[PDB]
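**Student:** Following this message is one structure expressed as structure tokens.
Counting neighbours? That spans all protein chains shown, and the Cβs are built from the backbone with ideal geometry, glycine included. The numbers here are math on the coordinates, done by the rules we state, and not lab data.
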Amino acid sequence: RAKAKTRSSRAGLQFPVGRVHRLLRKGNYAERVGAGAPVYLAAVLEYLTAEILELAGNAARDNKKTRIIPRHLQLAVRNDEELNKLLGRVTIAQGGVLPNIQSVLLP
Amino acid sequence: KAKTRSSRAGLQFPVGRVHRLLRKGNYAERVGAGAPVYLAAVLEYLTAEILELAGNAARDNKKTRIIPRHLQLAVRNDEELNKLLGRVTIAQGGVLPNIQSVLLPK
Amino acid sequence: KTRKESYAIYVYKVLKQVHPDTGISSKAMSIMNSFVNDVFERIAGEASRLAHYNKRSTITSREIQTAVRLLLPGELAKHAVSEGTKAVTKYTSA
Amino acid sequence: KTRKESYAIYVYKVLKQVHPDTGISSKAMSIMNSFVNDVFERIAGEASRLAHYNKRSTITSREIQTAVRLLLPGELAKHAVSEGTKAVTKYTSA
Amino acid sequence: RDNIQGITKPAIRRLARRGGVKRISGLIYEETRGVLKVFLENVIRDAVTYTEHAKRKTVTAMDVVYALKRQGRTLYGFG
Amino acid sequence: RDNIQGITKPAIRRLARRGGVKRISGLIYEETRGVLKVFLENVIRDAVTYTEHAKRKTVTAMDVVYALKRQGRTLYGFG
Amino acid sequence: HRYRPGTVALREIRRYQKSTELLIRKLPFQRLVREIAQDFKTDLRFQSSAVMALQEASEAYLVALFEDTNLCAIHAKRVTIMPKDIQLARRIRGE
Amino acid sequence: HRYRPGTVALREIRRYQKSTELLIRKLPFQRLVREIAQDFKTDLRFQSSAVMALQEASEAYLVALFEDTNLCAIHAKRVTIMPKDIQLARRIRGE
């Protein structure tokens with residue numbers, strides 16, 4: 001028998017493949033499952049996660065900090081039009097609100 | 001002699017069809033023996049409840065048959081049924097009559 | 001051609017009981033036929049979800065009862081639950 | 001005790017790949033895990049419904065592609081689709 | 001190709017009277033037409049995608065009902 | 001056993017000064033106190049039903065999350 | 001013999017709130033729907049019921065929006081509706 | 001040396017719009033929740049984490065409602081809020 005090669009290495013990805021396949025099969029979503037669906041799903045999920053994390057990390061540098069806290073996540077999510085449209089009815093714990101005042105109450 | 005399961009439970013709605021639809025709709029992997037009877041009874045009760053009010057409303061207009069306007073009138077005029085079906089549009093239904101008191105002439 | 005199945009005689013049978021001197025039209029029949037599927041799908045989906053939640057693989061009477069109690073608001077829940085329990089008991093008696 | 005699975009290592013690897021020097025806390029990990037789970041559930045459910053609607057019982061790449069095009073709004077979706085295709089091609093290569 | 005002008009003026013007045021109004025200004029029509037176009041674009045796109053997937057050339061009302069349910073304006077009386 | 005009086009006036013004032021209000025009238029507090037109870041009851045009833053169905057005598061933090069999810073307000077962070 | 005302003009509007013409201021029909025004409029709506037659909041794809045053929053379904057949904061949506069706009073207008077001590085009310089009503093619900 | 005009505009309110013708004021703390025107290029809210037839950041069952045035993053989630057959800061809902069009612073109030077040429085605005089916002093939203 002030859003040496004085992006992980007299926008994630010063949011497709012050049014980072015997210016797992018077998019776990020997604022098993023979860024899809026065991027969740028009784030359909031009677032049968034093909035072959036390329038786990039690969040497609042893993043690629044899409046990896047792309048979305050990378051985009052969101054990159055935006056959050058870029059936003060978190062302004063406060064002269066190093067780590068990431070949910071305030072930075074909220075600030076990065078609410079400042080992008082498409083991401084705001086996607087997460088339209090989601091609440092994040094300890095998020096706060098964007099600074100915004102009306103134009104009539106000002107002196 | 002074969003006897004239908006609907007006759008045993010004293011219900012006018014079918015029992016086998018509901019069981020087959022539940023089994024073949026991949027909702028779960030096993031289905032209990034007594035499951036379909038509850039659903040059949042609930043559906044029959046809801047249908048009778050709607051139809052009684054529909055016919056009572058239709059009787060007013062000195063008519064015999066039922067048209068969707070009567071169904072809309074019966075559904076909208078009730079409280080709980082409005083909450084249940086406050087998220088659905090009925091074709092050829094009309095609008096409940098109402099005029100604001102401010103706009104009236106005086 | 002091909003067979004298509006729909007609830008078209010059970011509704012008429014029910015109507016012939018509450019009011020014995022009233023007919024129905026085609027469009028009202030279509031509306032009533034389309035009304036049942038929504039409730040059926042909602043209840044079945046809620047029951048499947050609740051059954052999956054507790055790390056179990058079975059659907060029985062208790063899940064349907066809980067879904068009915070959760071979904072129907074107001075006062076219809078009591079009467080519906082009572083009727084379902086009575087029907088289940090009568091069938092079990094045989 | 002029992003073993004519970006999560007999505008921590010992969011998220012950390014992606015973060016290290018994108019930004020070389022940047023830490024993270026526990027709350028961000030929990031939020032990322034919940035978001036990934038929610039998105040996966042939504043996409044899989046939509047794909048299953050669409051696959052069922054056409055009187056066929058199989059989930060393949062076409063259903064996933066159509067579900068992705070239906071769910072994700074705007075330019076984002078475009079990019080995602082392209083990415084997916086490339087991955088499949090590599091699997092075909094080897 | 002200015003088919004958007006086929007809606008014409010009195011139809012908006014009839015719709016407003018059905019809804020219930022007593023006085024209408026002179027700039028409502030443009031906003032109404034814009035809103036209607038915006039809604040129709042999204043609904044038509046969502047309907048077209050389904051029939052594109054199924055490898056067919058004729059659009060049926062079933063797909064329109066499905067799109068309206070997915071976005072959510074559940075409609076009764078069309079199967 | 002009157003506990004609705006726990007929410008006091010300065011707490012309402014602090015909670016209000018996050019949308020941008022500048023002047024506060026004298027009858028807002030009673031309306032807010034009346035409003036809060038309906039939402040609390042609506043969430044708590046479903047949470048208790050979910051807990052009861054599983055044959056347990058305690059409320060997990062998870063049941064509240066799936067109680068909030070049904071209405072249409074998701075909550076990321078607790079699972 | 002003339003009618004003071006206001007009476008005919010009330011008469012029209014009473015007449016039109018007690019009937020069910022289709023208000024907008026059919027052919028211009030069909031042409032507009034065909035053009036909008038053709039904007040996305042070429043060689044598209046339509047059936048006979050999708051147009052009716054789209055018309056019904058559009059009518060219901062417009063009626064609901066107009067009712068909400070009228071309520072928002074009567075809120076602010078006025079009788080005439082203006083585009084600001086429509087914009088605010090659309091904004092509040094979320095669109 | 002006294003200020004004038006309008007400045008400290010703006011200062012408070014600026015200070016409070018830049019934090020992620022918790023405003024309402026803990027013990028009264030916990031007692032209120034544990035008393036409200038008494039009407040459906042008996043001798044219930046809460047965990048140590050559900051109360052925080054309920055508090056967060058309630059705070060977010062109240063903040064959103066107050067923002068919407070402020071917008072509805074400023075619509076009508078005013079800088080004050082009265083229960084009419086809250087009622088109108090609740091009616092228009094769909095509740």
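**Student:** Please verify whether region D:43-62 includes one or more residues that are exposed (fewer than 13 other Cβ atoms within 10 Å of the Cβ) and among the acidic types (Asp, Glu).
**Tutor:** The answer is no; no qualifying residue exists.
**Student:** Only one of (1) out of contact with any strand residue (DSSP E or B) (no Cβ under 8 Å at 6 or more places or on another chain); (2) surrounded by 14 or more Cβ atoms within 10 Å (Cβ to Cβ) is not met by G:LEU27, so which one is it?
**Tutor:** That leaves (2) as the condition not met.
**Student:** Regarding B:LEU104, is this residue hydrophobic (A, V, I, L, M, F, W, C) and farther than 22 Å from C:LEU71 by Cβ?
**Tutor:** Details: hydrophobic (A, V, I, L, M, F, W, C): yes; farther than 22 Å from C:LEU71 by Cβ: yes.
Yes, satisfied.
**Student:** Give me the pairs, please: first residue somewhere in region D:6-21 and within 10 Å of chain A (Cβ to nearest Cβ) and under 18 Å from A:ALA59 (Cβ atoms), second residue anywhere and surrounded by 14 or more Cβ atoms within 10 Å (Cβ to Cβ) and not polar (S, T, N, Q), beta-carbon distance under 6 Å, and either six or more positions apart or on two chains.
**Tutor:** Once the first residue is within 10 Å of chain A (Cβ to nearest Cβ) and under 18 Å from A:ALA59 (Cβ atoms) and sits in region D:6-21, its partners that are surrounded by 14 or more Cβ atoms within 10 Å (Cβ to Cβ) and not polar (S, T, N, Q) give D:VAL11/D:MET32; D:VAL14/A:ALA50; D:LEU15/A:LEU53; D:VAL18/A:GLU54; D:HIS19/A:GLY57.
**Student:** Can I ask one more? Going through region A:29-45 one residue at a time, which ones are part of a helix (DSSP H, G or I) and facing another protein chain (nearest Cβ under 7 Å)? Walk me through how you get there before you give the answer.
**Tutor:** Step one: filter region A:29-45 for residues part of a helix (DSSP H, G or I), giving A:36-45.
Hits for region A:29-45 are A:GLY36, A:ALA37, A:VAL39, A:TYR40, A:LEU41, A:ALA43, A:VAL44, A:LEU45.
**Student:** Kindly provide the set of residues from region G:1-14 that are farther than 18 Å from G:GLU67 by Cβ and in a helix (DSSP H, G or I), ordered by number. Walk me through it before giving the result.
**Tutor:** First pass over region G:1-14, keeping only residues farther than 18 Å from G:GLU67 by Cβ: G:1-8, G:11.
Answer for region G:1-14, where residues must be farther than 18 Å from G:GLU67 by Cβ and in a helix (DSSP H, G or I): G:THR7, G:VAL8, G:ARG11.
**Student:** Can you find even one residue in region G:29-48 that is farther than 19 Å from E:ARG18 by Cα, hydroxyl-bearing (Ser, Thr, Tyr), over 16 Å from the mean Cα position of the chain (by Cα) and more than 7 Å from chain E (Cβ to nearest Cβ)?
**Tutor:** Taking region G:29-48 and keeping what is farther than 19 Å from E:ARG18 by Cα, we get G:29-48.
With hydroxyl-bearing (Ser, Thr, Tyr) added as a condition, the list becomes G:42, G:48.
Filter once more, keeping what is over 16 Å from the mean Cα position of the chain (by Cα): G:42, G:48.
Next cut, more than 7 Å from chain E (Cβ to nearest Cβ) only: G:42, G:48.
Yes.
**Student:** If you don't mind, another one. Only residues that are more than 9 Å from chain F (Cβ to nearest Cβ) and closer than 30 Å to F:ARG1 by Cα: list them for region H:7-28, please.
**Tutor:** Of everything in region H:7-28, those that are more than 9 Å from chain F (Cβ to nearest Cβ) and closer than 30 Å to F:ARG1 by Cα turn out to be H:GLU21, H:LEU22, H:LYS26.
**Student:** Suppose we keep only residues that are loosely packed, with under 12 Cβ neighbours inside 10 Å and either within 10 Å of chain F (Cβ to nearest Cβ) or of a type in the set (A, V, I, L, M, F, W, C) (or both) within region A:64-98. Which one would you say is farthest from the chain's Cα centre (by Cα)?
**Tutor:** Of all residues in region A:64-98, those loosely packed, with under 12 Cβ neighbours inside 10 Å come to A:64, A:66-67, A:81, A:84, A:88-89, A:98.
Cutting the leftovers down to either within 10 Å of chain F (Cβ to nearest Cβ) or of a type in the set (A, V, I, L, M, F, W, C) (or both) gives us A:89, A:98.
On the way: A:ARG89: 16, A:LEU98: 21 Å.
Applying the filter and picking the extreme gives A:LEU98.
**Student:** Now for a separate question. Would you check which residues across region H:13-28 are under 18 Å from A:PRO107 (Cα atoms) and under 16 Å from the mean Cα position of the chain (by Cα) and list them? Spell out the reasoning first.
**Tutor:** Narrowing region H:13-28 to residues under 18 Å from A:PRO107 (Cα atoms): H:13-15.
Hit for region H:13-28 is H:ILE13, nothing else.
**Student:** Then there's this: For the structure I just gave you, tell me whether C:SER48 is under 26 Å from F:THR60 (Cα atoms) and part of a helix (DSSP H, G or I). Break it down stepwise before answering.
**Tutor:** On the way: under 26 Å from F:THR60 (Cα atoms): yes; part of a helix (DSSP H, G or I): yes.
Yes; evaluated as a whole, the condition is true for this residue.
**Student:** Only one of these conditions is not met by C:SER57: (1) within 7 Å of chain B (Cβ to nearest Cβ); (2) in a helix (DSSP H, G or I). Which number is it?
**Tutor:** (2)
**Student:** I'd like to verify a number: residues in region C:67-78 that are surrounded by fewer than 17 Cβ atoms within 10 Å (Cβ to Cβ) and within 7 Å of chain B (Cβ to nearest Cβ), how many?
**Tutor:** Total meeting the criteria: 3.
**Student:** Mind checking which residues of region B:46-57 are more than 7 Å from chain C (Cβ to nearest Cβ) and over 17 Å from C:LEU76 (Cβ atoms)?
**Tutor:** Across region B:46-57, the qualifying residues are B:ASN56, B:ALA57.
**Student:** Do we find that C:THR2 is more than 7 Å from every other protein chain (Cβ to nearest Cβ), assigned to a loop (DSSP other than H, G, I, E, B) and of a type in the set (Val, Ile, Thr) in this structure?
**Tutor:** It is true that C:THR2 is more than 7 Å from every other protein chain (Cβ to nearest Cβ), assigned to a loop (DSSP other than H, G, I, E, B) and of a type in the set (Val, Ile, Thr).
**Student:** Separate question: So which helices (runs of 4 or more DSSP H) are wholly in chain F and hold at least 1 residues that are touching an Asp or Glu at 6+ places or on another chain (Cβ under 8 Å), under 20 Å from H:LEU23 (Cα atoms) and facing chain H (nearest Cβ under 7 Å)? Show your work before the answer.
**Tutor:** Working: elements: F:9-16, F:28-53, F:61-71.
Fully inside chain F and qualifying: F:9-16.
**Student:** Checking A:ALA2 against (1) more than 8 Å from chain D (Cβ to nearest Cβ); (2) assigned to a helix (DSSP H, G or I), which test does it fail?
**Tutor:** A:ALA2 satisfies all of (1) more than 8 Å from chain D (Cβ to nearest Cβ); (2) assigned to a helix (DSSP H, G or I) except (2).
**Student:** Could I ask something else about it? How about region C:79-90: which of its residues are more than 7 Å from chain B (Cβ to nearest Cβ) and among the small types (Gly, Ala, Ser)?
**Tutor:** Answer for region C:79-90, where residues must be more than 7 Å from chain B (Cβ to nearest Cβ) and among the small types (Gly, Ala, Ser): just C:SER82.
**Student:** For region G:18-37, does any single residue satisfy the condition of being part of a helix (DSSP H, G or I), among the acidic types (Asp, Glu) and under 30 Å from H:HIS75 (Cβ atoms)?
**Tutor:** Taking region G:18-37 and keeping what is part of a helix (DSSP H, G or I), we get G:27-37.
Filter once more, keeping what is among the acidic types (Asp, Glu): G:35.
Then keep just the ones that are under 30 Å from H:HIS75 (Cβ atoms); that gives none.
For region G:18-37, residues part of a helix (DSSP H, G or I), among the acidic types (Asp, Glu) and under 30 Å from H:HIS75 (Cβ atoms): absent.
**Student:** Can you work out which of the residues in region B:11-56 that are more than 18 Å from C:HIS52 (Cβ to Cβ) and among the hydroxyl-bearing types (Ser, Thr, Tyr) is surrounded by the fewest Cβ atoms within 10 Å (Cβ to Cβ)?
**Tutor:** If we take residues in region B:11-56 being more than 18 Å from C:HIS52 (Cβ to Cβ) and among the hydroxyl-bearing types (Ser, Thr, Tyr), then B:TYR45 is surrounded by the fewest Cβ atoms within 10 Å (Cβ to Cβ).
**Student:** What are the pairs with Cβ atoms under 9 angstrom where one residue, in region C:40-57, is without any contact (Cβ under 8 Å) to a residue 60 or more places away in the chain and the other, located anywhere, is surrounded by 12 or more Cβ atoms within 10 Å (Cβ to Cβ) and of a type in the set (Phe, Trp, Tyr)? Sequence gap at least six, or different chains.
**Tutor:** These pairs meet every condition: C:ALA44/B:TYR27; C:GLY45/B:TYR27; C:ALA47/B:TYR27; C:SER48/B:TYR27; C:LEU50/F:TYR50; C:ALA51/B:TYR27; C:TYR53/F:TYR50; C:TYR53/F:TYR66.
**Student:** So, one more: Return a yes/no flag: does region F:17-27 have any residue that is crowded, with 16+ Cβ neighbours inside 10 Å and either touching a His at 6+ places or on another chain (Cβ under 6 Å) or on the phi > 0 side of the Ramachandran plot (or both).
**Tutor:** Within region F:17-27 (the criterion being crowded, with 16+ Cβ neighbours inside 10 Å and either touching a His at 6+ places or on another chain (Cβ under 6 Å) or on the phi > 0 side of the Ramachandran plot (or both)), the answer is yes, since at least one residue qualifies.
**Student:** Of all the residues that make up region G:66-87, how many are more than 7 Å from every other protein chain (Cβ to nearest Cβ), within 17 Å of E:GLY34 (Cα to Cα) and buried (at least 17 other Cβ atoms within 10 Å of the Cβ)?
**Tutor:** Total meeting the criteria: 2.
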